There are 2 protein chains.
Amino acid sequence: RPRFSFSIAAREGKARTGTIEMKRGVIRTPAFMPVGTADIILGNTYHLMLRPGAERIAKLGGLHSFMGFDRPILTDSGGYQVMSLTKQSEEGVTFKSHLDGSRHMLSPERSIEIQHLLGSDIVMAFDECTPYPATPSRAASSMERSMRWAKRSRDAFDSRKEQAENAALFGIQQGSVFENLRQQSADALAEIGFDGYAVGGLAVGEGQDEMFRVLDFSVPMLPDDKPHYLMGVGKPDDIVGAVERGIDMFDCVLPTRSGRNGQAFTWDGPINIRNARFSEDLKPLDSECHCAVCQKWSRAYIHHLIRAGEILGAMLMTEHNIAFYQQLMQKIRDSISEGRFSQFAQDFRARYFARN
Amino acid sequence: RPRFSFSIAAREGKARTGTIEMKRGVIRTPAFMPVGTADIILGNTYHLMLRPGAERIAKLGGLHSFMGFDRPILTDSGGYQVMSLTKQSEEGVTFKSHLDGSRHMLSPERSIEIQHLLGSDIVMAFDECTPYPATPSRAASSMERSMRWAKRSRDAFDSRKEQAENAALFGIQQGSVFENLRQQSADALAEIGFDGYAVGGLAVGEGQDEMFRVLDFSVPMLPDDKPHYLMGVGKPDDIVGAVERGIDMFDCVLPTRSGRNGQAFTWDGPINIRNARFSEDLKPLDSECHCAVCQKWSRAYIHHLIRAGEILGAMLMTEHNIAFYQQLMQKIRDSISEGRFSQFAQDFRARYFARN
Ligand SMILES: [Zn+2]
Ligand SMILES: [Zn+2]
């Protein structure tokens with residue numbers, strides 16, 4: 001396989017389905033990328049750089065060897081969690097680790113180097129997720145700095161032969177909700193040139209209507225012939241609507257967070273398995289799901305395990321939720337390939353929101 | 001298969017290896033019976049009678065259907081946890097549920113009925129685990145009541161046709177550490193007649209030397225041609241020494257409790273995987289273990305998952321610990337069958353206690 005090749009096999013409206021070929025494997029798109037701890041998984045750079053540390057991961061053979069996963073891994077830049085969990089400047093961000101108090105600076109160059117030490121296959125440029133709401137001035141300042149940082153990320157990646165020859169680099173569009181800034185950002189990223197283009201800054205609490213409005217004008221600004229990655233999104237209906245707007249790749253903490261907090265995704269909407277109404281429900285979590293949990297165990301038993309505090313319960317919920325997300329993406333890909341995605345999206349929403 | 005048939009295939013000293021045939025499957029002995037949530041697993045009667053309730057489990061089809069496990073299940077009587085988590089009399093014990101305050105009485109008859117509603121294959125007579133230390137008078141009074149309760153358990157079990165024809169009933173020897181009381185208890189149980197005989201009252205903090213001393217005289221008092229079940233034991237070295245003393249069956253919370261609290265069992269003794277010394281250790285949890293965890297993942301990665309608070313870490317530790325216990329029992333059975341158990345026990349202790 002090549003280092004990176006994205007091919008579009010079929011289209012319906014703005015939706016696309018296809019493949020990304022990389023040395024470590026093929027990624028079917030639209031793709032959902034689950035947390036590593038699927039054709040591709042996510043590594044959490046901020047977490048890994050603090051425990052066990054990027055140099056230690058490299059000493060242990062890189063992330064693929066460390067976690068026993070030989071297919072592609074996408075790493076984020078580390079910048080978002082630095083703020084979530086500090087001193088900012090044009091150079092980067094400095095911060096102290098709550099784990100041991102140690103000092104750490106993160107810059108475009110250092111982020112790319114950390115991602116190199118981790119050995120990931122898709123590397124994210126280092127940028128800022130602009131807070132929401134943002135004024136036009138602040139959104140512009142933030143986006144302009146992120147574009148300067150995108151060039152620095154590009155140059156740092158290109159300087160590391162093993163990385164340049166074997167990994168791929170994605171740039172991130174910013175600009176908050178402002179069409180002109182989104183356009184300026186897309187133009188700057190395309191001038192630098194990246195293997196793929198993320199839509200950043202939209203997992204920030206703005207609500208689905210606003211997210212979709214921004215996607216309506218933002219995704220067409222990106223190069224059509226490269227993958228489009230919507231970072232941090234989202235619920236099943238977010239994903240369907242984003243695919244309708246041209247997105248090819250997704251990641252979100254929801255399936256795992258929900259799986260640890262008693263929420264299971266189903267074709268009839270999410271359910272709170274701890275609720276008493278499930279104590280005698282012999283149906284599987286979802287009566288169409290093909291996952292191993294739904295082949296074997298009932299809602300009543302999973303309800304019991306979670307209520308009893310048994311770790312097995314959260315594991316089964318999480319396995320189901322991840323598998324559900326992958327089945328959603330499979331149904332999306334098949335429906336686009338078959339020219340019936342518009343009907344699928346309508347049928348999906350009618351059932352998911354009915355909550356039957 | 002018959003309702004119950006225990007056959008001894010080979011012996012070495014006091015140790016035996018063989019099989020219990022039951023309708024739902026064959027149990028290879030010596031056997032370790034893990035918690036259900038292996039040829040046979042344990043159901044926790046006290047927990048199940050409070051959530052979801054024995055009648056509810058029966059409505060859902062019994063425990064086998066409820067938890068998706070079609071091989072034999074052994075249930076305890078429920079009495080021990082009633083005390084652990086009240087008013088005692090010759091009739092039984094009354095107690096209030098912390099879960100919802102509800103009132104509950106547990107007697108030999110009610111315990112057998114609950115175990116019937118759960119649908120277990122091996123039913124334990126209802127008795128008291130005498131506290132330790134106990135004076136001779138108190139140990140005798142407790143044991144005498146338990147023997148009266150053993151007869152009531154026998155009669156209640158025999159009254160339920162489905163249970164009498166399809167399940168098995170074990171009686172429990174008590175008597176604390178006193179040889180004469182252990183003998184009286186064995187005599188009373190044999191006069192009533194049971195399918196198997198447990199040694200009760202020895203998972204009570206007395207220490208291994210004392211436990212082994214009591215087993216030395218207690219196990220020979222039980223019928224030789226029936227299984228001998230040491231309740232609540234134990235660590236790997238406890239198990240080996242108990243097999244050397246004629247025990248055929250074991251259960252213990254240790255593999256699961258340790259698995260949730262960072263302790264992994266290995267042929268070189270237990271390890272505390274959270275310790276910093278494992279942060280770069282690329283070896284599996286145990287370098288001979290055949291379990292799926294040890295085939296795939298390193299100590300360093302499991303250490304990382306647990307330190308990160310990822311549920312996956314405790315799941316992997318627990319899978320390994322259970323599998324280790326089953327590999328221990330397999331090695332015990334093979335060595336007895338091959339006439340080299342004495343050598344195995346010596347080699348096991350030398351390595352396990354070396355802690356290399
Ligand atoms: Zn499922
Ligand atoms: Zn193992």
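What does the convex hull of the Cα atoms of chain B come to per residue, in Å³, rounded to a whole number?
Dividing the Cα hull volume of chain B by its residues yields 141 Å³.
For chain A, list the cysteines whose Cβ sits under 4.7 Å from no other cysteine Cβ?
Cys with no partner Cβ under 4.7 Å: A:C129, A:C252, A:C291.
For B:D76, A:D224, B:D281, what's the fewest-to-most ordering of other Cβ within 10 Å of each Cβ?
Details: B:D76 25, A:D224 12, B:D281 18.
Arranged by neighbour count, lowest to highest, B:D76, A:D224, B:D281 become A:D224, B:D281, B:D76.
Once both labels are modelled 7 Å past Cα along the beta-carbon direction, what's the B:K296-A:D237 spacing in nm?
Rounded to a tenth, the inter-label distance reads 3.5 nm.
Please average, across the residues of A:47-57, the number of beta carbons from any other chain that are within 10 Å of each residue's own beta carbon, and give a whole number.
2
Within 10 Å of each Cβ in B:273-284, how many Cβ atoms from other chains are there, averaged over the peptide?
Mean partner-chain Cβ count within 10 Å for B:273-284: 1.
Going highest first, how would you order B:122-128, A:256-262 by mean Cβ packing within 10 Å?
B:122-128, A:256-262
Considering only the label points, 7 Å along Cα→Cβ from Cα, what distances in nm to one decimal separate B:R274 from the same position in each other copy, shortest first?
2.3
Strictly greater than 19 Å: what percent of every Cα pair in the stretch B:301-356 meets that?
Cα-Cα pairs in the stretch B:301-356 separated by more than 19 Å: 49 percent.
With respect to the cross-link table entries A:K296/B:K235; B:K23/B:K96; A:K14/A:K235; B:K283/B:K331; A:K23/A:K96, which display a Cα-Cα separation exceeding 30 Å?
Values: A:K296/B:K235 32 Å; B:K23/B:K96 36 Å; A:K14/A:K235 20 Å; B:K283/B:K331 22 Å; A:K23/A:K96 36 Å.
Too far apart for the 30 Å limit: A:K296/B:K235; B:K23/B:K96; A:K23/A:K96.
When each pair of different Cα atoms in the stretch A:1-151 is counted once in the 1/r mean, what is the Kirkwood radius in angstroms, to one decimal?
When all Cα pairs of the stretch A:1-151 are included, the Kirkwood radius is 17.0 Å.
Under the convention of a label 7 Å out along Cα→Cβ, give the distances in nm from B:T135 to the same position in every other copy, shortest first.
Label point to label point, same position, other copies: 8.4 nm.
Does anything in the stretch B:284-306 have its amide N under 19 Å from the 7 Å Cα→Cβ label point of A:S97, and if so which residues?
B:300-306
What value does the stretch A:258-354 have for Rg/Rh, both radii from Cα atoms and Rh as Kirkwood defines it?
Over the Cα atoms of the stretch A:258-354, Rg/Rh equals 1.02.
Order B:331-337, B:300-306 from most to least packed using the mean count of other Cβ atoms within 10 Å.
Packing proxy ranking, top to bottom: B:300-306, B:331-337.
For A:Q346 and B:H47, what is the calculated FRET efficiency with R₀ set at 35 Å and r taken between the beta-carbons, to the nearest 0.05? Don't skip to the answer; put the middle values down first.
On the way: r = 46 Å, r/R0 = 1.33.
About 0.15, to the nearest 0.05.
Give the long-range amide H neighbours of A:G43: residues separated by 5 or more places, or on another chain, with amide H under 5 Å away, using H modelled in the peptide plane at 1.01 Å from N.
When sequence neighbours closer than 5 places are left aside, the close amide H contacts are A:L74, A:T75, A:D76.
Would you work out which of A:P284, A:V35, B:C291 lies farthest towards the positive end of the dipole of the protein assembly as shown, given +1 charges on the beta-carbon of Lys and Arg and -1 on that of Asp and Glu, about the Cα centre?
The residue sitting farthest along the positive end of the dipole is A:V35.
How large is ³J(HN,Hα), in whole Hz, for each residue of the stretch A:281-297 in order, when computed from phi with the Karplus curve 6.51 cos²θ - 1.76 cosθ + 1.60 and θ = phi - 60°, using x for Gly and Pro?
Along the stretch A:281-297, the couplings run 8, 7, 6, x, 3, 9, 7, 10, 4, 8, 6, 5, 5, 6, 6, 10, 10 Hz.
Name the residue farthest towards the positive end of the dipole of the stretch B:122-246 from the options B:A156, B:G171, B:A139, assuming +1 on Cβ of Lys and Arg, -1 on Cβ of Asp and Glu, about the Cα centre.
In the stretch B:122-246, that residue is B:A156.
Could you please tell me the mean projected area of the C-alpha convex hull for the protein assembly as shown, averaged over all directions and given in square nanometres to one decimal?
The number I arrive at for the protein assembly as shown is 34.0 nm².
Averaged over its residues, how many other protein chain Cβ atoms are within 10 Å of peptide A:60-68's Cβ atoms?
For peptide A:60-68, the averaged partner shielding equals 4.
If one computes the Cα centroid of the stretch A:220-250 and of the stretch A:66-103, what distance in Å separates the two points?
Here the answer is 25 Å between Cα centres.
Round to the nearest 0.05 the FRET efficiency obtained for A:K331 and A:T135 when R0 = 45 Å and r is the Cβ-Cβ distance.
0.65
Put the label 7 Å from Cα along Cα→Cβ for B:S7; what are its distances to the other copies, in nanometres, shortest first?
Ordered by distance, the counterparts are at 6.1 nm.
Virtual Cβ from ideal backbone geometry, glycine too; neighbours counted across all protein chains shown. Laboratory data are not the source of any read-out in this text; all were calculated from the coordinates shown.
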